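A closer look at the structure
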Amino acid sequence: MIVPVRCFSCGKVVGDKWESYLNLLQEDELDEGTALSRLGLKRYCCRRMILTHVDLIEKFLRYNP
Amino acid sequence: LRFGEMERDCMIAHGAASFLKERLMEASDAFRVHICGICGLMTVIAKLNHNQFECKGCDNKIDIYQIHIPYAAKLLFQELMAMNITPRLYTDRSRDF
Amino acid sequence: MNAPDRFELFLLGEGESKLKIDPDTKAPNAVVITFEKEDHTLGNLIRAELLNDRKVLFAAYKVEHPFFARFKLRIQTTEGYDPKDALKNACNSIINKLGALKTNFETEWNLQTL
Amino acid sequence: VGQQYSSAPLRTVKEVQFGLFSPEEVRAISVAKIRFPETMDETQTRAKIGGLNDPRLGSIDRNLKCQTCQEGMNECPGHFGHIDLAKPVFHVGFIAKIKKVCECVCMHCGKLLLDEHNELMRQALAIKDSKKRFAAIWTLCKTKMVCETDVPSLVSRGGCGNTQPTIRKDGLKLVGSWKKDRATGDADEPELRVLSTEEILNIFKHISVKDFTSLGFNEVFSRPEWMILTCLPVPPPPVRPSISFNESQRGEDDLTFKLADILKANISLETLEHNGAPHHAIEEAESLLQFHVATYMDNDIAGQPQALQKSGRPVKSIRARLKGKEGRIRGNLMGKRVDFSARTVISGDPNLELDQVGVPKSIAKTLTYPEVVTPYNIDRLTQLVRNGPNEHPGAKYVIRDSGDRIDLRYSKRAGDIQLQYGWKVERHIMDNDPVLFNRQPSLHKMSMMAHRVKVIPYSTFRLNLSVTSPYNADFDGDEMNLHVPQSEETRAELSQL
Amino acid sequence: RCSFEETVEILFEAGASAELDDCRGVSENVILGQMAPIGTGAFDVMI
Amino acid sequence: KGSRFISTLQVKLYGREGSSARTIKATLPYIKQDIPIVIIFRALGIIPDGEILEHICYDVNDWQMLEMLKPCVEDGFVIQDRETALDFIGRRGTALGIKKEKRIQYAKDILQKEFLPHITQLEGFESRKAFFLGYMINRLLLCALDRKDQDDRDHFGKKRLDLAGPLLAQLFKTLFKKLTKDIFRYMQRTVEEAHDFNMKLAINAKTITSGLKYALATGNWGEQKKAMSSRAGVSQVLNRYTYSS
Amino acid sequence: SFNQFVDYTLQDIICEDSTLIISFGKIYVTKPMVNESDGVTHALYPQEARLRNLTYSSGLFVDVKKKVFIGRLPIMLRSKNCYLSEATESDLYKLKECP
Amino acid sequence: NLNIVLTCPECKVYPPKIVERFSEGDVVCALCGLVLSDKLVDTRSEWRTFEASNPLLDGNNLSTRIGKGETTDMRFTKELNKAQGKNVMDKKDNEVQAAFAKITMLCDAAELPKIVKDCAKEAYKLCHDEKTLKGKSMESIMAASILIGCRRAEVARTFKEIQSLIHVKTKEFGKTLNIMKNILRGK
Amino acid sequence: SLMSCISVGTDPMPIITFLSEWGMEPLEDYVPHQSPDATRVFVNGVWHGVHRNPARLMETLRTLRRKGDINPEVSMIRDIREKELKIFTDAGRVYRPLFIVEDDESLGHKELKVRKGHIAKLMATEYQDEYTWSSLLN
Amino acid sequence: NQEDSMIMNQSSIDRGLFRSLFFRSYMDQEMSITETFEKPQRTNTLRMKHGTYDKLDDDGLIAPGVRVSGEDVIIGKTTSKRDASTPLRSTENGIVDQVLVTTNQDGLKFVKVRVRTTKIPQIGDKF
Ligand SMILES: [Zn+2]
Ligand SMILES: [Zn+2]
Ligand SMILES: [Zn+2]
Ligand SMILES: [Zn+2]
Ligand SMILES: [Zn+2]
């Protein structure tokens, strides 16, 4: 259900980094590990934010009305 | 909130007799009932305005008492009478004898 | 539903003064100054600076409860030295250092590239 | 309490004389007559017929009317009605007793089976307990089934050597067997008949004072002839209330239903005995009146349960009311839901003192304490009155001499307020107030302890940890109760004990 | 005895045999909502 | 399949270790007493002793067991034919007046449809039932001689779990029956009027729909009865707090 | 267990003491129907039925010898009868039912 | 004479709503701002199915019908089911009951709606009493309770079709159509 | 549990038939002292007779379950020492899947019937999202 | 945080840690004696509630956006005119999420009003 803007623990901006992360997975063919680190996500508080997030919104959008 | 059986026992354990009466009366069931001085029943017709009371079948117009009991108590006693049992209430420990 | 408002952590209400000075009864030359709408940040900084004075026999502080943002500062000083002055001096020494910190930082930052 | 003055003296109950309703007294007490099993309607017209709940008893619809006593649906101790049965009926709680009395007294002349003549009897008559006498006398003359004319000191006593029946319980009746005609009359078989009520009446009406004394009977408060129901008392509207869920129909009670069943069973009986009496075809309605009169008081026996498909089935019958746990005595008289309580989740606070309790502001604002307007306080009190029920150190309500209650949240009594001495100010629970705090189950004195109040933000009861083990609590989500003492003595009893 | 298990029957057997209740029991004063011979109700206070 | 009658049978072993003559009796439905096995066996057609004990004890070299059966024979040695054995029941809970004849048929019917109902409820399968009663008594004595333990009650492979299907099945039956019976009632009344087809019919519609609902809706698995504590809350409102719940 | 009750058990329950002193034959089960006043019979769906407080139940027709409607049998949300049993992912979202 | 009032007493207005309150109760006037009693009567808390009853014809009681698995009814079931089956012969018990049971059978079969299906059956019990040119045929006035019963929504009718169903669609239906017009104009 | 299921119920008759065609001397003609080494067969609580050489019957039965001829649900217990063979076709028995280890393997020891080759055939179906679970049971 | 209590980062909470949504839906239905959804106004009965009816529209239903609380009247019902209308549960309070107006078989007017709130981790919340 959408990318959390700003991490809960650090507070570093994280909402702006989802599509970037998804792209580094699919096309760049990288591993979750390095993908995060190239996004500036160095510490585990700001890291579990993206790695652990379930983009449920993509399924909610499939409902017609 | 429930001030059930168990909570009471603790109050009895502390020896907190007045508090116990305020909890089981003044907060919750508190009711005033008129009683026949002769037959300990709630059969007194309460006419508060003409000071008229009457017990009928006892013919008490004088000998009448007012008590403070919990309404649940008043119910228990009435439901007993409903089952042909008489819970006669008297206002003197100096037993007849 | 019982939560206090967030601004009660730094905004004094009605009849609350930043400071309340009450003379300690235990010791002599002792004073308990109550800070309103302030937390450790000040409390610890003033306590530490107050301990640098060689005319200060005592200085502690305490957030008496986390729910309310307020602390007390006890101060005891050598005879003739008002704790209130000790406080002032501390406060000043604090402002000065910070003043220096600001410029020295600002100086180094300029010398940086990126 | 909250009612009107009375010229009648106030007193404390000191004795409770238990006994039985003489069919005479039930009539002498009653005010109703109850003819119809219907309730209210009169060609639709809403009121109440002289049948059930009406003639002189309490009312509904917020009408003051009630046996000239007025008062209305509150302070009207329900008044008892009257209802005459055709053929007398047994009482469910006493069947058991009635056998034991029949087996203990000989039928016909109604005398004891044993006198002081029998030495085993002498020992039993010296005992001074209703429980022990009636039990010892029973065990000593249940075996004997002959009413002795002469006993060795042969001495003379009650003359009628009739054989006694061997009584067995079947449903709601008593069937006995005899053993007579000395193997010449008839041939072999005994005389199995059913013992009717009207028989048992005479027997019990003909037994003398000293045969009552021997048994658990006072003659004044309890005669054996009253274990049998001739005249049945009708419980008033307050025992059996009404009002529904919608508001266009009845919505009646269970007891009333069975009382209507009693009445129908009673009416159809009077019908047969006056009009067409088909002899031993009537008895099929007596046992129905016996069944409803008995079932009205108990519906778990060994016969058959009750009605109706819907409603709360099976029904209740007064027994179910009184019965332990969730019922009168257990859950109404010695355990009540009291006012002035509060419950929440609890949490640890290490900056609290042992004896304190963090009461969340909201609970403080709801909980009140009736303090008396006094020169020692006026300033503080009047100030609270002005803070009003929406600011913590405020108040709600202000009581006076008479008993008026000035709601403070609604417009109260004019401008700046003028507190008079003696008035009472229900004021919010303030700091340092004595309160009884407890965690259930309360298997201790420790589970119930008075604390100093300390009014805090957030909505959790906060307690010092060292107070943890006596309530046997932890903060995994444990809830706890709070009670506020209402009297000046009651406070003292919490802070001193 | 009312307050324990055999309530209904106990009352019957009690009514039957005209029991007089002293009302000196804790559980009996609770039912009548009066002070009981407890700590605070074991002595009388007078002027 | 079909009805699902539950009428338990009980082979009892009267007398404890070392009592005087340990007898073996059996509890039948709708009968106010017990009947020694030999008698039920002769009632099934199997008369002679030993032919009886051949249905029980599966070895002539097992004197141990055959010995225990000795006092059994003692009871039944009173009855030597299929007619008297059917008759020793004197029917039972039906008795007083009727003499013979009537009772003997009540017995036959009980040993046909109400006794060991699984296997076959038909007519000519007496030997199958007799053999089982034997086997029952063999398992009884095996545990009485301490050769084999007591049956383990908690063995899971001896328990079942009634799902949607079976439950709905029970109900559907009761409601389909209450239907079929109302049809018989509307069948009647019309003393003549010839055609009466349009009058009947269209009943199943309501009765079944409310019964299927009322159960699935409440938890009382019985329809307006509830006295059947099957009301134990089968069909509960679905948990929906988390996916996993 | 429910598919066993619909397909077999249910047909077996019709055939017992069914014949009278009128015999019942094969029994058909339509997909959930809606019989409402002021209109036609509608094809019900799980979602509609949950919002309107309806009973997701289907037509239970019998073949009576001397075709015939007999009650409604509430269907298990996903059995052979439920529309969802065959529906695809994109279909489910359109019926407002969670895949 | 029954007079019931909540008048404040101090400042009689004769009269105004006093509030039902939310928790405190007692209806304190927004005028003298005093009290009246303690209330203590929750009407929202009606007797649910868990005792309440919604009777439309006279007063419902019930008898017997024993089924509690404690002690078997067997002998006693027939003792009481026969005994209650004798009593429904004393004072014209049959008539209203027969009418309402036969009524729920004729409507259920055509699947008539309960909310208004039952409404018309109340109309029949008002029409079965009163003696206004009924020329009563039982079936005739039933087609009135079949029309007003279908008046909930057009559940089965299309009332003409349900008229074309079964027997008596003509002159006897005319007597009935008139009875309904006379009952509707009856205040 | 995660893998547990429940028996739905199969017809007992086609097995009772198959039994008497492969031995199953009907219980009518049972001579206990004449056939002592003989095993007694049970179907759904009923005793349907006796059968010498139950060892061959057993293997035949299991093969038919595993080929698909007898419903997989149906349970077949051979208490060898008790001399009893119980078949259940009852509805409501809790049951669970298991790998089969039949030692029938010339290239050494006792081994699981399932193989690495069956698995890359299973994972082959996974990637397309024709080898089902049923195909592992069949 | 002793004895199974836990300290939580209020700052993370502000960033959304462990927030939840909370929908609660209320519901109501309807011889010539019919119930009606409408905005009652006494007559002559008076049997009404403390709650505020001012948020209701003419149909007797609250519209979505409207913020509700306390005992506010969510659905107005009337049957001459005794009220029978569902107010919001005393302790609760939030925002009307959706309202739905349907027909139950027997041509009944069905109404489900859903109410939404956002619950934020507070001090007494169990984890
Ligand atoms: Zn972080
Ligand atoms: Zn009197
Ligand atoms: Zn009165
Ligand atoms: Zn005599
Ligand atoms: Zn006023």
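Residues numbered from 1 in each chain as written, not as in the entry; some residues may be left out. Chains lettered and ligands numbered in written order. Part of a larger assembly, values for the part shown. Heavy atoms only, no water. Residues with missing side-chain atoms left out of burial classes, pairs and counts.

Method of determination, as annotated in the archive: X-ray crystallography, at 3.800 Å resolution.

In the PDB, the title recorded for this entry is "Crystal Structure of an RNA polymerase II-TFIIB complex".

**A look at the overall build of chain B**
Check the secondary structure of chain B and you find three helices and four strands. Starting at the N terminus, the α and β elements of chain B follow one another as β-α-α-β-β-α-β. Relative to the globule expectation of 13 Å for 97 residues, the C-alpha radius of gyration of chain B, 16 Å, shows a markedly less compact shape. By principal-axis analysis of the C-alpha atoms, chain B measures approximately 45 × 35 × 25 Å. For chain B, buried positions account for 69% of its 97 residues. When contacts within chain B are restricted to residue pairs at least 6 apart in sequence, those whose partners lie at least 24 apart make up 50%. A total accessible area of about 3,300 Å² is found for chain B, and carbon and sulfur atoms account for 49% of it. Both charge centroids of chain B, one from 12 positive and one from 12 negative side chains, sit 4 Å from each other. (Helix = DSSP H or I, 4+ residues; strand = E, 2+ residues; numbered from the N terminus. Rg over C-alpha atoms; globule rule 2.2 N^0.38 Å. Buried < 20%, exposed > 50% of the residue type's maximum accessible area, 1.4 Å probe, protein only. Contact = heavy atoms within 4.5 Å. Areas by Shrake-Rupley, 256 points an atom, 1.4 Å probe, with all protein chains shown as cover. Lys, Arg positive; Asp, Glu negative; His and termini not counted. Charge placed at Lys NZ, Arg CZ, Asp CG, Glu CD.)

**Describing the sheet that holds strand β1 (residues 23–29) of chain G**
Residue and element names in this part refer to chain G. Taken in spatial order, the three strands make up an open sheet running β1-β4-β5, and their pairing is antiparallel. Single-partner strands in this sheet number two, and they are β1 and β5 (68–74). Between one strand and the next, the sheet's axes are offset by a mean angle of 30°, whatever the strand orientation. Pairing of β1 with strand β4 (residues 57–65) involves five bridges; the strand directions are antiparallel. Counterpart to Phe-24 in the pairing with β4 is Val-64. (Pairing = 2+ DSSP bridges. Axes fitted to C-alpha atoms, helices over the stretch in contact; angles between N-to-C directions.)

**What about the pattern of salt bridges?**
Note on pairing: side chains with opposite charge can pair once their charged atoms come close. Here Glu82(I) and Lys148(F) are joined by a salt bridge, their closest N and O atoms 4.0 Å apart. Here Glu82(I) is found in the loop between β5 (75–79) and β6 (84–88), whereas its partner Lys148(F) is found in the loop between α6 (126–144) and α7 (164–187) on a different chain. Residues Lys77(J) and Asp28(J) are paired through a salt bridge, measuring 2.8 Å at the closest nitrogen-oxygen approach. Three or more residues joined by partner-sharing salt bridges are found here, namely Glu371(D), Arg380(D), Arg427(D), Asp433(D) and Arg491(D). (Salt bridge = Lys/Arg side-chain N within 4 Å of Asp/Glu carboxyl O.)

**Comments concerning the pairing of strand β1 (residues 19–23) of chain C**
Residues and elements named next belong to chain C. Bridge count between β1 and strand β2 (residues 30–36): five bridges; the pairing is antiparallel. Within β2, the residue paired with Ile-21 across the bridge is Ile-33. Taking the residues that link successive antiparallel strands as the turn, the β1-β2 hairpin has six residues, and the phi of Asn-29 there is positive, at about 50°.

**Things to note about α6(F)**
The α-helix winds at 3.6 residues per turn, so residues separated by three or four positions along the chain end up facing the same way. If you check α6(F), its first and last C-alpha atoms are 27 Å apart, about what 19 residues at 1.5 Å a residue would give, namely 27 Å. Once α6(F) finishes, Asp146(F) follows within two positions and takes phi at roughly 65°, a positive value. (Expected span 1.5 Å × (residues − 1).)

**Things to note about the packing of helix α1 (residues 40–50) of chain C against helix α2 (residues 83–110) of chain C**
Residues and elements named next belong to chain C. Interaxial distance between α1 and α2 falls to 9 Å at its minimum, and their mutual angle equals 105°. Taken together, the axes of α1 and α2 are roughly perpendicular relative to one another. Across the interface between the two elements, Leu-45, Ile-46, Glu-49 and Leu-50 from α1 touch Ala-86, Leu-87, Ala-90, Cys-91, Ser-93, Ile-94 and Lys-97 from α2. Per-class residue counts for the contact of α1 with α2 are eight nonpolar, one polar and two charged. (Parallel < 35°, antiparallel > 145°, perpendicular 65-115°, else oblique. Nonpolar A, V, L, I, M, F, W, Y, C, P; charged D, E, K, R; others polar.)

**What to know about the arrangement of the chains**
Contact analysis covers 18 pairs of chains in contact, and the most contacts occur between chains B and D. With respect to C-alpha atoms, chain E approaches chain F no nearer than 25 Å, and the pair has no contact. In this assembly chain B lies apart from chain H, the nearest approach of their C-alpha atoms being 10 Å.

**Regarding the interface of chain B and chain D**
The interface is formed by 70 residues belonging to chain B together with 86 residues belonging to chain D. Contributions of two or more residues to the side of chain B that touches chain D are made by β1 (2–3), α1 (5–14), α2 (17–26), β2 (31–36), β3 (64–69), α3 (71–82) and β4 (85–90) of chain B. For the side of chain B that touches chain D, the residue count by class is 36 nonpolar, 17 polar and 17 charged. Summarising the sheet, β3(B) and strand β1 (residues 10–11) of chain D pair through two bridges and their orientation is parallel. Each bridged residue has a counterpart across the sheet, and for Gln66(B) the counterpart in β1(D) is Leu10(D).

**Brief notes about the packing of α7(F) against helix α8 (residues 204–217) of chain F**
Residues and elements named next belong to chain F. Contact geometry for α7 and α8: axes closest at 9 Å, N-to-C directions at 150°. Put simply, α7 runs roughly antiparallel to α8. Where α7 crosses over α8, the handedness of that crossing is right-handed. The residues of α8 that touch α7, namely those facing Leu-168, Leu-171, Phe-172, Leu-175 and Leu-179, are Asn-204, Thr-207, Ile-208, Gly-211, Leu-212, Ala-215 and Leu-216. (Left-handed = near helix turned anticlockwise from the far one by under 90°.)

**Quick notes on the sheet that holds β2(B)**
Across a sheet, paired strands are connected by hydrogen bonds in the backbone, their directions being either parallel or antiparallel. Within the open sheet, the three strands sit side by side as β2(B)-β3(B)-β1(D). Their pairing is mixed. Where the open sheet ends on each side, the last strands, each with one partner, are β2 of chain B together with β1 of chain D. Direction of pairing for β2(B) relative to β3(B): antiparallel, over a ladder of six bridges. Looking across to β3(B), one finds that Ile35(B) is bridged to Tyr65(B).

**Remarks on the packing of aromatic side chains**
Taking the centre distance of 5.8 Å and the plane angle of 70° together, the rings of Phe437(D) and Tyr471(D) count as edge-to-face. Of this pair, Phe437(D) sits in strand β15 (residues 434–438) while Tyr471(D) sits in the loop between β17 (461–463) and β18 (479–483); the two residues are 34 residues apart in sequence, bridging distant segments of the chain. Relative to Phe69(G), the ring of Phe61(G) has its centre 5.6 Å away and its plane inclined at 65°; by these criteria the two rings are edge-to-face. In this structure an aromatic cluster arises from ring pairing among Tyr58(F), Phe131(F), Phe132(F), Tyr135(F), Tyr30(I), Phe42(I) and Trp47(I). In this structure, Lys142(D) packs its charged tip against the face of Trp138(D), placed 4.4 Å from the ring centre. (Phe/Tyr/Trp six-rings, centres within 6.5 Å; stacked < 30°, edge-to-face > 60°. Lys NZ or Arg CZ within 6 Å of the ring centre and 35° of its normal.)

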